[PDB]
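J.: I'd like to ask you about the structure that follows.
Bear in mind that the values in this text are calculations on the coordinates, not laboratory data. Neighbour counts run over all protein chains shown; Cβ positions are idealised from the backbone, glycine included.
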Amino acid sequence: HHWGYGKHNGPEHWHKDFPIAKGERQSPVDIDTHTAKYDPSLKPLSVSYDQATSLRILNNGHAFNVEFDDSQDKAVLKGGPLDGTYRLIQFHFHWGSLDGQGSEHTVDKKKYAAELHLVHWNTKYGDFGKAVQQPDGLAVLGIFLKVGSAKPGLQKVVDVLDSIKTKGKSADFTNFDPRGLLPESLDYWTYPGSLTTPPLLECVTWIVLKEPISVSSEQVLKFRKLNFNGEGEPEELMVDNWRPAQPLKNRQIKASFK
Ligand SMILES: N[C@H](Cc1c[nH]c[nH+]1)C(=O)O
Ligand SMILES: [Hg+2]
Ligand SMILES: [Zn+2]
């Protein structure tokens, strides 16, 4: 039936309905640090989230999305390997049932507790829908999460998940600053790829930060309290909604640092 994250509808079944699952630039992938090469030509990465305008948090049945208002240049990603401007439309996470797994991209095979993804779409294409029909239409900033000390700027998100336990629910989540989710350093690895959930469109330029942020056990815990099911249905906790690393094939990962 509908794609999910189980023994019967998980990643290993996605290709049947979504053939591109075995494509040439699928994500995520394992980042081999001793093979990625520093690129002296990458321009400084620019992440301008000052005028960000969050509007709503939504449980879509496989994760929760904090949607932003992108009808104007408010929150934009640029610089790095990107040409032009990319607008922040939404950010979501991928986590595990255990701190030992959860992230999608892996560093030298190491799996993080979770992984944050801020999705932006190339403004040169007018809108998200049109952007997802281009080789360079999207730009996703990936940030790893590791369990330890709590992340202040992430608590609003934590406290609100209670109101959106089940699939379909969506609470007003206005005025959330995504800057509180950015690690200190901006060093990153970048490669051409796709979205990690069906339709798995290969339209993404991945910008994966090396420095992970650390959240508390109590925080990630509440992420694990969510449900994949809809209200009034057998409870399936929302855990392990991450896709495993896919073949790198004929791609190269460039490091923004030496
Ligand atoms: N999860 C995708 C839709 C999505 C895109 N970005 C986040 N969610 C699907 O149901 O096919
Ligand atoms: Hg594409
Ligand atoms: Zn994602």
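J.: Determine by what factor the alpha-carbon radius of gyration of the chain differs from 2.2 N^0.38 Å, reporting the quotient.
T.: 0.95
J.: Determine the calculated [θ] at 222 nm for the chain from helices alone, applying -39500 (n - 2.57) to every DSSP H run no shorter than 4 residues and normalising by the residue count; nearest 500 deg cm²/dmol. Display every interim value, and only then the final one.
T.: On the way: 4 runs with 21 residues, N = 258.
Calculated at 222 nm, the ellipticity per residue is -1500 deg cm²/dmol.
J.: Longer than 23 Å from Cα to Cα, which of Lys74/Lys156; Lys110/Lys225; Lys156/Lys210; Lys16/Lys169; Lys210/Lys254 are they? Say none if no pair is.
T.: Values: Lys74/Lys156 21 Å; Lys110/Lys225 25 Å; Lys156/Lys210 25 Å; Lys16/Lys169 29 Å; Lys210/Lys254 12 Å.
In this structure, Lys110/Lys225; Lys156/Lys210; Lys16/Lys169 exceed 23 Å between Cα atoms.
J.: Can you list the residues, at least 5 places off or on another chain, whose amide H is less than 5 Å from the amide H of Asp30, using H built in the peptide plane?
T.: Under 5 Å from the amide H of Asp30: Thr106, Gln246.
J.: Around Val119, which amide H atoms from residues at least 5 apart in sequence, or from another chain, sit under 5 Å from its own amide H, with H modelled in the peptide plane?
T.: For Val119, the qualifying residues are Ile89, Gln90, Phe91, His92.
J.: By average Cβ neighbour count within 10 Å, what is the ranking of 44-50, 96-102 from highest down?
T.: So the peptides 44-50, 96-102, ranked by packing, come out 96-102, 44-50.
J.: Still on this model: Given the options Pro81, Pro152, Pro192, which has the most mean-square fluctuation in a GNM of the chain, springs set between C-alpha atoms less than 10 angstrom apart?
T.: Between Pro81, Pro152, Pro192, it is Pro152 that shows the largest mean-square fluctuation.
J.: List, in order, the whole-Hz ³J(HN,Hα) value for each residue of region 246-258 obtained from phi through the Karplus relation with A = 6.51, B = -1.76, C = 1.60 and θ = phi - 60°; use x for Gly and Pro.
T.: 10, x, 6, 6, 8, 10, 10, 9, 9, 9, 7, 10, 10
J.: Something else: Return the loop-located trypsin sites (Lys or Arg not before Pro) in region 87-126 (DSSP other than H, G, I, E, B) with at most 12 other Cβ atoms within 10 Å of their own Cβ; answer none if there are none.
T.: Working: sites: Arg87, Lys109, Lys110, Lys111, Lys124; in loops: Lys109, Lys111.
Taking region 87-126 and a limit of 12 other Cβ atoms within 10 Å, the loop trypsin sites (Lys or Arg not before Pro) found are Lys109.
J.: Please give the FRET efficiency for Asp50 paired with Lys225, using the beta carbon to beta carbon distance and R0 = 45 Å, rounded to the nearest 0.05.
T.: Details: r = 32 Å, r/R0 = 0.71.
The value I calculate is 0.90.
J.: Would you work out which of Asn175, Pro212, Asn250 lies farthest towards the positive end of the dipole of the chain? Charges go on Cβ: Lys and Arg +1, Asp and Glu -1.
T.: In the chain, that residue is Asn250.
J.: Mind listing the phi-derived Karplus ³J(HN,Hα) values for region 16-30, rounded to whole Hz, using 6.51, -1.76 and 1.60 with θ = phi - 60°, and x for any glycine or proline?
T.: 3, 8, 10, x, 4, 4, 10, x, 8, 9, 8, 9, x, 8, 8
J.: Give the long-range amide H neighbours of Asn241: residues separated by 5 or more places, or on another chain, with amide H under 5 Å away, using H modelled in the peptide plane at 1.01 Å from N.
T.: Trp95
J.: Tell me, what is the percent relative contact order of the chain, built from C-alpha pairs under 8 Å that lie six or more residues apart?
T.: 26
J.: Now for a separate question. Along the charge dipole of the chain, pointing to its positive end and built from +1/-1 on Cβ of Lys, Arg, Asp and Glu, which listed residue (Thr123, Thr190, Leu58) has its Cα farthest out?
T.: Farthest towards the positive end: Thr190.
J.: Here's another thing I want to ask about it. Under unit Cβ charges (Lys, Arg +1; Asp, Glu -1), what dipole magnitude, rounded to 20 debye, does the chain have relative to its Cα centre?
T.: 500
J.: Be a star and scan region 55-86 for residues whose amide nitrogen sits under 19 Å from the point 7 Å along the Cα-to-Cβ vector of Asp39.
T.: 77-86
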